[PDB]
Structure formats: structure tokens, C-alpha cells
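Below is one structure, written out as C-alpha cells; comments come after it.
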Amino acid sequence: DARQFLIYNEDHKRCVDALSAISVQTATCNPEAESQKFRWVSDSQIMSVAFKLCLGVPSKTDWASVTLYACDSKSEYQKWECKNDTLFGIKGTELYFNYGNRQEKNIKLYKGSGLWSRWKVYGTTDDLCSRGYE
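Here's what the structure looks like:
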């Protein structure tokens with residue numbers, strides 16, 4: 002598709018990688034790897050192409066793991082949004098899509114808003130929403 006993209010963190014030089022419904026980590030960026038492909042399927046949901054499941058969290062808490070859930074427009078736990086300067090996080094909360102703290106391989110929700118909570122569409126200087134609908 003054209004809506005498809007890789008989620009990139011400039012500081013680590015790595016892209017998000019869907020390993021399984023309960024596991025979403027990072028890997029060296031490869032535009033040909035299905036597991037690294039995602040796409041917005043609505044104004045607030047991003048779906049992993051390889052799994053046809055939407056990025057989400059069990060609850061809106063600090064250090065909650067970001068994994069894959071059956072896409073559901075009504076779930077308030079799989080809704081994301083773009084903050085300022087590529088900072089990305091859960092819609093309506095000050096918790097960010099984060100990677101890099103504590104040797105934790107899975108994507109986590111984190112309170113910090115530094116370089117590790119900022120993501121861009123691989124191949125651009127744009128935030129994730131540039132590939133979205135809103």
C-alpha cells in the first residue's frame with residue numbers, strides 16, 4: 002500500500018518490529034520486512050500489517066507494554082495521537098510510545114518525553130501522523 006510505513010526512532014536508528022500479538026520490539030530498519038510495516042486504519046489506530054492487529058496497551062499506565070490487540074474503534078486503549086515535534090503517545094494522556102530504557106526490548110508507555118519517545122515515518126523528517134488521516 003501507500004498508507005504503509007515504518008516507525009523510526011532517530012536516536013537509536015531502529016524501527017518498531019511486530020514479533021507477535023504479545024510482543025512488539027525494535028530491529029534494524031528494513032522496508033521489506035512485513036513485521037516492520039504499519040498503517041493507520043483510522044484517526045487514532047495504527048495496525049501492524051503482518052498481524053492485522055492494532056497497537057495498544059492493557060491500561061494507560063507508566064511502563065505498560067505496547068503490544069497488539071484486535072482492532073476496535075471503541076477501545077480507549079488503542080488510540081494514539083501526535084504531540085509536539087514527533088513526540089508520540091496515547092490519545093489524551095501524557096504517556097509516550099517509548100523504547101530504550103532499562104534494556105527492555107518491548108515498546109513501553111513512558112512518562113519521559115525525550116528522544117526515546119519521539120518517532121518519525123522512516124525515510125522522512127515527518128511524525129507518524131503525516132501518514133495518517135487527521
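Numbered according to the entry's author numbering, the sequence shown spans residues 2 to 135. The C-beta atom is built at its ideal place from N, Cα and C for all residues, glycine as well.
CA nearest to the CA of residue i, picked from the options
i, options, result
"residue 59", "51, 69, 52, 53", "69"
"residue 114", "107, 97, 124", "97"
"residue 109", "90, 127, 11, 71", "90"
"residue 130", "102, 85, 75, 99", "85"
Min CB distance residue i to chain D below 9 Å
i, result
"residue 35", "Included in the structure is just one protein chain, with no chain D present."
Any non-hydrogen atom of the ligand GTP closer than 8 Å to residue i Cβ
i, result
"residue 2", "Among the components of this structure there are no ligands whatsoever, and the ligand GTP is therefore not found."
Extent of the continuous beta strand (DSSP E) to which residue i belongs
i, result
"residue 27", "24-28"
"residue 55", "54-57"
"residue 90", "89-91"
"residue 68", "68-70"
"residue 127", "From DSSP, residue 127 is part of no beta strand (DSSP E); its letter is neither H nor E."
"residue 108", "No beta strand (DSSP E) holds residue 108; DSSP gives it neither H nor E."
Cutoff 7 Å; reference residue i; Cβ partners in own chain excluding five residues on either side
i, result
"residue 88", "97, 114, 118, 119"
8 Å Cβ shell around residue i - same chain, five flanking residues per side excluded
i, result
"residue 42", "48, 55, 72"
Cβ separation of residue i and residue j, assumed to be a contact under 8 Å, to the nearest whole Å
i, j, result
"residue 136", "residue 18", "Outside the displayed span of the chain (2 to 135) sits residue 136, for which this structure offers no information."
6 Å CB neighbourhood of residue i in its chain, flanking five on each side removed
i, result
"residue 82", "92"
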